[PDB]
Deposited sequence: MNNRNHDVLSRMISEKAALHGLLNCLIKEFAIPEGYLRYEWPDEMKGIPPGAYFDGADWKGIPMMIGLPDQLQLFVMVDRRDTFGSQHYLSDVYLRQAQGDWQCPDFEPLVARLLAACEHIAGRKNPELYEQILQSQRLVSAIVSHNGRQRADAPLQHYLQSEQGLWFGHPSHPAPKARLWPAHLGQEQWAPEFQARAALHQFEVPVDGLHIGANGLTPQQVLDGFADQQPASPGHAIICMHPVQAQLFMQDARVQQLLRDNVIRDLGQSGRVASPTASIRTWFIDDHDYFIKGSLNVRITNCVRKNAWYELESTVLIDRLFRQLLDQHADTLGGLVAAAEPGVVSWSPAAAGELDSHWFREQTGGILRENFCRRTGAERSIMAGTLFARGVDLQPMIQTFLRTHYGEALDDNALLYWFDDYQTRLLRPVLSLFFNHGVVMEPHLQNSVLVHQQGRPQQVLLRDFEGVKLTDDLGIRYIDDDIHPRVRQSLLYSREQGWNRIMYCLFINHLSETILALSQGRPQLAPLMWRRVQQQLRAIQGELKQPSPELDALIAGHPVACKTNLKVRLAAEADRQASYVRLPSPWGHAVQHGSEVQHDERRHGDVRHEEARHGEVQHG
């Protein structure tokens, strides 16, 4: 079982790396051919030939350091979404080889490093560490029914075994090592009581929408233990350990100005975002700062960001009330409450530090409103299970009473895509509101398998265009919070492109059409039609939409190229 788990994890990892290679270099720079090699010596027949036919289509990548890559794929895809049907062969001077995982990664990286002209051995390490975690993960969860992550929201958050599917090291998480992974890994069904402090109320910065400051505090922590003039704040246990190494906190603990309460907060389970916690049957998610690098960001939230949260949440309520008819059926998770602390006399830069350390966001637990059994995170929905099969296939067969034919499938997709596209594009063109509707920021609400809503999340990412979305922001807003939220229209459109089409739906189509690649052309064609529809539904000019429909190239955010340097490339349209 362990060897098998190592094997699973390696295939996953190399796949995600191929994704990076193909999306970020091979296609934009014309290194990719759908052809058979000249000499084939080194490849066993069984790798491209199944007894009856070729195992799909041959993929060639010649790299300008004279390295060549060969893999069998199920489909020709302009966003570089396809199943890999063989192991990976490399060639150099003649003679194909199938290197072990570690030697393979190394050389593939050396290839990119060469095009980019720049090295990162930090990256190689992270690639290795990511995969060895996936090995642990698969070995832990390898006994379960493959599609258990789809039966329950929490399990949907703890079942993204492989993380971002187009990422060199999706599961790289760099904590002071003595702390371990397991205790904080959703993939291990981690639970921890939150860490808690007593702080004097006069240092508190609270934002609240439709709630009292007190209620915001209750959301985070039962305030009962608090002595007069004081309140209880909570924090990622890891974040509290880091927080306490700082002599400024040392000083405050010694002078009794604040108190270390223990892991005495609510018992919660971190979600796939790691720093956001879920509490079954509580009105809120708890989001907090974590000064730890995770898939390359450190997961801090700055003062002005804490502050922007409040404005976006307040904007979203206005729009859902007064402008419902133009939000394309938007369902979004409210972020109505914000807390942070700093000493009353702290002085500007300590104040910033302190609030960034202690900042917390209250997010609506949509599950009360939606049913835990009925909500699944998009990322997991369209991810692979512990047996490398997409989980969606068996999940839907259990709901539909029988195996879905092509028509059942095409129909399901249509129902899904429309509930993503309409809200987001209606937010952009009509109101200049820029969402980040990638897979981690989306939640399917279904009824016996049938799509009802694609809930959208994460006000942190929301942005307001300089030409339209600006006007919703007041002149009484601090210049830094304003800058934080401001985007150019070009910027907005770039992010939306990456997210909707390449990040999100490209994956949807791939999971849905696994084993039936002929559906892909058909699903994308439905996406085009859907775009024309939305357009004629719209209250403001949308020339970026004409362009997309017309088959202009699509923006693609990079996960490998960025690390070796260049953030967006351009992928050919699927129509």
Next on the checklist: So, counting the deposited sequence from position 1, which segments are absent from the coordinates?
Outcome noted: 1-5, 99, 572-577, 588-620
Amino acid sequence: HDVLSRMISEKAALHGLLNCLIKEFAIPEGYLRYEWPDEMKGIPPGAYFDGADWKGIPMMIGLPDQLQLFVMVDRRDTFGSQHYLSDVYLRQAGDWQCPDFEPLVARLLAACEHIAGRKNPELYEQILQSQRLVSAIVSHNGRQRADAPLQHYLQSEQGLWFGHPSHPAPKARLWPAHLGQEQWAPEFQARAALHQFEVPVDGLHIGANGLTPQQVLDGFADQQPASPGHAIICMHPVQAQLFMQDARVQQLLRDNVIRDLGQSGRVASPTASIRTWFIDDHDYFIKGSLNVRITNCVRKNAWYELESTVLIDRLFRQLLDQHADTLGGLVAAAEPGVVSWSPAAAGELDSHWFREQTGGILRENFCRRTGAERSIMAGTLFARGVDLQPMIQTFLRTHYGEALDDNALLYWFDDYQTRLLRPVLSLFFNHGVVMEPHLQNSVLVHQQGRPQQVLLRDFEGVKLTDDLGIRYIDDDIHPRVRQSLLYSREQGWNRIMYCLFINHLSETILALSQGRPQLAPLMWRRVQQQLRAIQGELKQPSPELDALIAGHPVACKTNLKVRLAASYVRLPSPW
From here on, numbers count along this sequence of modelled residues.
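In this text, rigid core is short for the largest set of C-alphas that superpose within 1.5 Å between two forms.
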Item to check | Core-aligned Cα RMS comparison in 5 other deposited structures of this protein - stretch that moves more, 114-122 or 493-501 | outcome: 114-122
Item to check | Between 382-390 and 248-256, the one whose CA atoms sit farther away in 5 other deposited structures of this protein (rigid core aligned) | outcome: 248-256
Next on the checklist: Quick check on the record: does 180-188 or 128-136 carry the larger mean Cα temperature factor?
Outcome noted: 180-188
Checklist entry - Quick one: higher average CA temperature factor, 362-370 or 430-438? => result 362-370
Checklist outcome for this item: Top Cα B-factor in this entry, restricted to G219, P225, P103, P168, sits on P225
Checklist entry - Quick one: which of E305, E157, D325, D147 has the biggest Cα B-factor according to the entry? => result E305
Checklist entry - If you rank the chain by CA B-factor, which third does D65 end up in: lowest, middle or highest? => result highest
Checklist entry - Considering only modelled residues of the same chain, in which third does the CA B-factor of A555 rank: lowest, middle or highest? => result middle
Item to check | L538, C-alpha B-factor rank within chain (lowest, middle or highest third) | outcome: highest
Item to check | Chain-wide C-alpha B factor ranking for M40, given as lowest, middle or highest third | outcome: highest
Checklist entry - What third of its chain's C-alpha B-factors does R384 belong to: lowest, middle or highest? => result lowest
